[PDB]
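A single chain, nothing else alongside it, follows as structure tokens in the form deposited in one PDB entry.
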């Protein structure tokens, strides 16, 4: 039952051109904040990650989708907020590496240890460290791992795989890139093979392609990783209808959803940003991607389904949800694809907050693994990188810039970024914290050994 308030509205209250019209607040917040502070146990935890969703990304998406004075009913609704650092480590010196990749940062909040770019579930000495999901399982809690990316991708993989390189998707890549993790060499196996061992109750995302590979050793040698999953009691789903049909998910009948060969389709389509794209060409208006359709579950749908199936566990559950393509489209200098995935994440957050407020003992956290490239710049900007003009909900033009790479892919940035929470122990994301603190916050909130 509700007691801890979720922000109902932080949109501009009135006429932004008039006095007080742009205010997002309507009164003193001292009482609301006191009502948002509780150190009682968190029975469940829902961690939503917007890959590469730094403050710049959130703002850009709000400006376009909700207007500058708009409000994300999900993402902007968490009452307790802070900024956290996500630097990685140089593998050889052990010193800080100011700009992390996704594997090292995900490893940080999932295990509580800093590591080098490319590492998954291991530290700079390549020592494995239990993940919050594995720990949740060990304590008897149900577990969920959701993502719009291929499941072998760094973010969701970090919770169930321990490999020296995030490139080790299946047996093939592992034998070549992670010889020490290769199953035929006595290791724990590829990311996909370990994911199958982790056996989370609910796992949803893309990445069906790798399951086509066959094991090089072990009990299921010669069989495809898909056959192995089937043989190990997994219930495989491939689309919205089949997913909807699922009535239960547990260790006896673990759910594995493979909704795309690789990454799942993005929500919006738009051209890539170009050189002086905001000076020469006209303004862009994003448009829905036909490849999305109803046969493909949305992030909000996968979130709702996971909560349903996971909440059946009376002891509690841990669930991670990732809006993976915000980062990917940021890399491809594509504003529409980028913003569309942020809107996507916001819906997933709303579903989490909606459940969390009713349940009353659920901690919800929303943040990103690292900052990214996109910047909001003046309309008449003449930049050296890639830019694009966009027609926002405000009926005005917003220009986005990607200027940190001459190479084909735009890159991550080291700036600290927003982390927000709601529920029991949400106080621990306020002020300045580190990405590794999040692991300890989740561990403590659930009261894990």
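Numbering follows the first chain given and starts at 1.
The form solved in complex with a partner chain is left out here; the points below concern that form.
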{"query": "Residue among 167, 357, 199, 226 with a heavy atom within 4.5 Å of its partner chain in the deposited complex", "finding": "167"}
{"query": "Partner-facing stretch of 357-365, 157-165, 331-339, 344-352, counted where any non-hydrogen atom is within 4.5 angstroms of its partner chain in the deposited complex", "finding": "157-165"}
{"query": "Its partner chain contact at residue 301 in the deposited complex, heavy atom, 4.5 Å", "finding": "no"}
{"query": "is_contact(residue 184, its partner chain) in the deposited complex, heavy atom dist at most 4.5 Å", "finding": "no"}
{"query": "In the deposited complex, residue 175 touching its partner chain (heavy atom, 4.5 Å)", "finding": "no"}
